[PDB]
């Protein structure tokens, strides 16, 4: 099934990148998958892109992606990770230009869910949810949770 495939591709890419950053793997979570899929259907129905109430109260972390076409899991995770090119490891903290990358690799995050839905014009709306929530801007937390890559 297309949904299982998308789940596998997004998780495998997240975990390859987390191993590069020396943090533990994520596991998929059934409940986060179901909630992320529900939210993706709400976004695709209106063609709107904005964060959920859950995200805005810190109940979960959330990454959003859009394309005019049905996106693969690898393509979504690679696009989010590519934000590392804008991240300054000697100036740790949030920026909008790096926020999907820093949520993907956040050390303390343990579980994720993902969903995807098409709109009426064939565009697609993707939602990933993360628990515990990352991207916490409290002093020191990015330095503790967003580690440099090792080869």
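Positions refer to the first chain, counted from 1.
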Averaged over C-alpha atoms, is the B-factor higher for 89-97 or for 35-43 in this PDB entry? 89-97
Once you work out the mean C-alpha B-factor for both 108-116 and 25-33 from the entry, which is higher? 25-33
Check the PDB entry and point out which of 60, 67, 103, 48 has the largest C-alpha temperature factor. 48
In terms of its chain's C-alpha B-factors, the third that includes residue 15 is the middle
